[PDB]
Amino acid sequence: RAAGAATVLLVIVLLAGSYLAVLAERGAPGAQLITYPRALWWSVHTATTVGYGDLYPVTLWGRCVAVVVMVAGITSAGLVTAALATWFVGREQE
Amino acid sequence: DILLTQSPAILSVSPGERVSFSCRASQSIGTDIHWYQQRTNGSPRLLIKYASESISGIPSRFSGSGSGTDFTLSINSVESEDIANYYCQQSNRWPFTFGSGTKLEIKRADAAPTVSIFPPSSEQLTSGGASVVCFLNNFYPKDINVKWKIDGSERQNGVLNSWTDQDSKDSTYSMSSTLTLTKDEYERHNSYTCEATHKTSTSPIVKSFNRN
Amino acid sequence: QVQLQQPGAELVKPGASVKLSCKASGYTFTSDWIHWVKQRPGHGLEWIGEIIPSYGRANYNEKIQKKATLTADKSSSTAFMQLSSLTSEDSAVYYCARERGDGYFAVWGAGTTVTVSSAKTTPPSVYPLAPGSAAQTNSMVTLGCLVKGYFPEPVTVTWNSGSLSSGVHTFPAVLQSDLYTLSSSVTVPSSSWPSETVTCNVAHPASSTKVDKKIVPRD
Ligand SMILES: [K+]
Ligand SMILES: [K+]
Ligand SMILES: [K+]
Ligand SMILES: [K+]
Ligand SMILES: [K+]
Ligand SMILES: [K+]
């Protein structure tokens, strides 16, 4: 069930991320992570750790936001797995 | 920072014709180009967003096109109202940037000027003033000349003219010449004339009046 | 409804500093960014800076010499620009537009004309312009009113409180010793005059002064 919790929290990091990311990126010349929408696309593929590179942070706080988003993705992922694992182990104890 | 180059600066097109303004980015910016229209003494107005998306309230006459570095704003069948300035602006990379702008000019049929002359108003005279206004309204081309004659003889001192950018009501031009003098100068001078020689007639157009 | 409201004009002494306003209404959002574009007469639009009210962060145009400082009043929904130590060069129209965070400037303001000068705010003078009792006429008749001896720009001359838009030509002012002078014209059907009124409305933001003056034929 904490995996469920993980999903909620993630979706929140996915939004706060998109936000901060644009907030952090504007002002730094050449930055492309400056509009709310694609920002969100950016966070989604960075969380899924797929990161095509069509968009990437260039500032320090932008990268920090980045790191956090990465970890919410790499964690939820693991937590859903760790969950699944347990379910099958219990199911199997029969 | 991306550089939006807009050539040409002016576009001369005939009514109902199809006109196209081009904006070129110094580098790839996808479709993150937007076009604004600004008329004489008006503010900018979003026309197209993201190179080719409609904005509620903008004629279907307007269309967007292109991607990467070359974009094109387009008006299918220009018309008097469309006379303005067209700027493009990117939002691909910070900071946002604008283009140099592009003036659209229409080509209406020749038109002779409507001339009108006005004696200074008594309210003004009531204060040592005396301004004789003359209007050269709704003509075309924009080339036109205005001469003054206070009593058979030509005058050039106190004559301030002013032209209007092409009109968005009928694609014509208008000019206003004002001859300011003291109540005095005006007192000791009978007739005031205002001659406007335009490309539409070999002879000039005259309009005078006497202080009495 | 007119979302971004900007004061018609501001006069500023060389060296002095003005604080331009922009009060928005309508749909506001935390993702809202208010921008400032400066247009020098006869030239193009030039990004000055931007600010995100729901956070207060402000970035400016790094190429131009910073002469502004953005701020936002959370509650009253107003964005303020502080243009200090100005010079003739700073004299222009300043707009403020709202950006939803998607890149384009949805709506702009009316713009605040700023004139940096030593001179004084001189309200205008409105005299009528009726044809001479010696000039014949046809289906149409051209009347108009002369606005002279005012400063600084701008001036909003209308006809019949705006109800009459068709056939109007407000020429561009002219500068003759710290005083701008312009005149507007209007052409209505001869039949409809002078029976049906025709008054010109002149507003001059720099002095909050606004007058009228019915164009009546000459006795
Ligand atoms: K991966
Ligand atoms: K990867
Ligand atoms: K990758
Ligand atoms: K990659
Ligand atoms: K790549
Ligand atoms: K894994």
# chains A, B, ... in the order shown; residues from 1 in each chain; ligands from 1

$ residues_near_ligand --ligand "ligand 2" --cutoff "10 Å" --atoms "only C-alpha atoms and all ligand atoms" --output "CSV table (one decimal) with C-alpha atoms, in the first residue's frame"
chain,number,residue,atom,x,y,z
A,45,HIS,CA,10.7,11.2,-19.0
A,46,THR,CA,13.3,12.2,-16.4
A,48,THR,CA,10.8,7.3,-15.9
A,49,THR,CA,14.6,7.9,-16.3
A,50,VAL,CA,14.1,7.6,-20.1
A,51,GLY,CA,15.3,11.2,-20.7
A,52,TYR,CA,15.6,11.5,-24.4
A,53,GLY,CA,17.5,14.8,-24.1

$ closest_atom_pairs --of "chain C" --to "chain B" --cutoff "8 Å" --atoms "only C-alpha atoms" --output "CSV"
residue,atom,partner,partner_atom,distance
C:44,CA,B:100,CA,5.8
C:45,CA,B:98,CA,6.7
C:46,CA,B:98,CA,6.9
C:47,CA,B:97,CA,6.8
C:61,CA,B:95,CA,7.1
C:95,CA,B:43,CA,7.9
C:103,CA,B:91,CA,5.2
C:104,CA,B:34,CA,6.4
C:105,CA,B:46,CA,7.0
C:106,CA,B:46,CA,6.1
C:107,CA,B:45,CA,7.0
C:108,CA,B:44,CA,6.6
C:109,CA,B:43,CA,7.0
C:110,CA,B:43,CA,6.1
C:111,CA,B:43,CA,7.3
C:127,CA,B:121,CA,6.0
C:128,CA,B:121,CA,6.1
C:129,CA,B:118,CA,5.8
C:130,CA,B:118,CA,6.5
C:131,CA,B:118,CA,5.8
C:132,CA,B:118,CA,6.6
C:134,CA,B:209,CA,7.0
C:135,CA,B:209,CA,7.9
C:142,CA,B:116,CA,7.1
C:169,CA,B:174,CA,7.6
C:171,CA,B:164,CA,5.9
C:172,CA,B:162,CA,6.2
C:173,CA,B:162,CA,7.4
C:174,CA,B:162,CA,7.3
C:183,CA,B:176,CA,7.9

$ write_last_selection --atoms "C-alpha atoms" --output "compact mmCIF listing (two decimals), in the first residue's frame"
# COMPACT_ATOMS: atom_id res chain seq x y z
CA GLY C 44 10.14 47.68 -32.80
CA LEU C 45 9.12 45.94 -29.58
CA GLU C 46 11.91 45.27 -27.04
CA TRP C 47 11.64 42.80 -24.17
CA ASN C 61 16.98 41.52 -20.62
CA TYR C 95 3.51 47.76 -22.41
CA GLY C 103 5.35 31.17 -24.40
CA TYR C 104 3.14 33.69 -26.16
CA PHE C 105 1.84 37.01 -24.86
CA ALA C 106 -1.91 36.44 -24.90
CA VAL C 107 -2.93 39.99 -24.07
CA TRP C 108 -1.11 43.29 -23.87
CA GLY C 109 -1.93 46.56 -22.14
CA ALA C 110 -2.67 49.96 -23.61
CA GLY C 111 0.81 51.13 -22.80
CA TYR C 127 -11.00 75.22 -30.72
CA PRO C 128 -13.69 74.22 -33.24
CA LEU C 129 -13.32 74.07 -37.03
CA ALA C 130 -16.52 74.89 -38.91
CA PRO C 131 -16.52 75.59 -42.65
CA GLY C 132 -16.47 79.22 -43.71
CA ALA C 134 -18.61 81.16 -47.99
CA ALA C 135 -17.73 77.56 -48.85
CA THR C 142 -15.89 67.95 -43.02
CA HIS C 169 -8.56 61.48 -39.05
CA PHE C 171 -3.22 63.63 -37.38
CA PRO C 172 0.12 63.13 -35.55
CA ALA C 173 1.14 65.98 -33.23
CA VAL C 174 4.06 68.33 -33.99
CA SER C 183 -5.99 68.39 -34.92

$ interface_residues --of "chain A" --to "chain C" --cutoff "7 Å" --atoms "only C-alpha atoms" --output "JSON, numbers by chain"
{"A": [27, 35, 36, 37]}

$ interface_residues --of "chain A" --to "chain B" --cutoff "10 Å" --atoms "only C-alpha atoms" --output "PyMOL selection string"
chain A and resi 25-35

$ residues_around --residues "segment 64-71 of chain A" --least-positions-apart "6" --cutoff "9 Å" --atoms "only C-alpha atoms" --output "list in words"
residues 10, 13, 14, 16, 17, 18, 20, 21, 24, 43, 44, 46, 47, 48, 49, 56 and 57 of chain A

$ select_by_dssp --residues "chain B" --states "strand (DSSP E)" --output "PyMOL selection string"
chain B and resi 10-13+18-24+33-38+45-48+62-63+66-67+70-76+85-90+97-98+103-106+114-118+131-139+144-150+153-155+159-160+173-180+191-198+208-210

$ closest_atom_pairs --of "chain A" --to "ligand 6" --cutoff "8 Å" --atoms "only C-alpha atoms and all ligand atoms" --output "CSV"
residue,atom,partner,partner_atom_place_in_ligand_line,distance
A:74,CA,ligand 6,1 (K),7.2
A:77,CA,ligand 6,1 (K),7.2
A:78,CA,ligand 6,1 (K),6.9

$ atom_distance --atom1 "atom CA of residue 5 of chain A" --atom2 "atom CA of residue 23 of chain A"
26.9 Å

$ atom_distance --atom1 "atom CA of residue 211 of chain C" --atom2 "atom CA of residue 149 of chain C"
14.2 Å

$ closest_residue --among "A:94, A:63, A:89, A:55" --to "ligand 3" --atoms "only C-alpha atoms and all ligand atoms"
A:55

$ select_by_dssp --residues "chain A" --states "alpha helix (DSSP H)" --output "VMD selection string"
chain A and resid 2 to 25 36 to 47 60 to 92

$ atom_distance --atom1 "atom CA of residue 145 of chain B" --atom2 "atom CA of residue 191 of chain B"
20.2 Å
